[PDB]
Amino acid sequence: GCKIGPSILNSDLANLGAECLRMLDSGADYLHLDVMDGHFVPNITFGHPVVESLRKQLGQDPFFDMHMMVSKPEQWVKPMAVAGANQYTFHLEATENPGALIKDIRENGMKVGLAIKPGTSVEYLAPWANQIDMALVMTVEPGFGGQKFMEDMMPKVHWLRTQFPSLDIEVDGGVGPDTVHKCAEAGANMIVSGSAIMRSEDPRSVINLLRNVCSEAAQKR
């Protein structure tokens, strides 16, 4: 049940279709698409219009995990659903009413992801864990780096894995061949990796490595 989802912010964004296609051909399990509105985080990447074009090119099969680093996640639920997103991963910090938003995401036919930034206690996420499809533990601060993987996020992953053995747990931020062992041993089964994959001359090899480390750790649990 371990899956690798390349992030594409490090890719040639003027040729996004080609970059996604070669990730899929390289054996990516899903694509992790970072949506930043310049308010929740200090960068603007792309929104649903790009997602819609991507979906049109890639067809119906590929799974899009939308990482919604936006200040008003309620606003983009329907646009992302219409664009063809599979999963809407919103930040717990970005809404006063996560329960209502979770309901809305499901009513719009999408899976539910719930993300926490490094400074947010995993204790805030736990109360909602049985309502979501996937928890995302950030391992860098979103919108800034360009940062080193934060090893002190691993206790969050471990706690979640301990308390919720069946929960899919994703990590995102500086994850690569060098740090995937930490994530996998802590309990993560969904791995987002950007530069490590996208800049590789052999992304299939990198993806296989990442998945194999996770799988090995899962079989040990």
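All residue numbers are counted from 1 along the displayed sequence.
Q: Between 119-127 and 87-95, name whichever shows the higher mean Cα B factor according to the PDB entry.
A: Looking at the recorded C-alpha B-factors, 119-127 comes out higher on average.
Q: With reference to the PDB entry, specify whether the mean Cα temperature factor is higher for 144-152 or for 99-107.
A: Mean CA B-factor is higher for 144-152.
Q) According to the deposited entry, which of 163, 53, 189, 26 has the largest Cα B-factor? A) Within the set 163, 53, 189, 26, 26 shows the top C-alpha B-factor.
Q) From 43, 179, 193, 57, pick the one with the largest CA B-factor in the entry? A) Of the options given, 57 has the highest CA B-factor in the PDB entry.
Q.
Splitting the chain's C-alpha B-factors into thirds, which one does residue 61 fall into?
A. It falls in the top third of the chain.
**Q.** Among modelled residues of the same chain, the CA temperature factor third for residue 21
**A.** For residue 21, the deposited C-alpha B-factor lands in the middle third.
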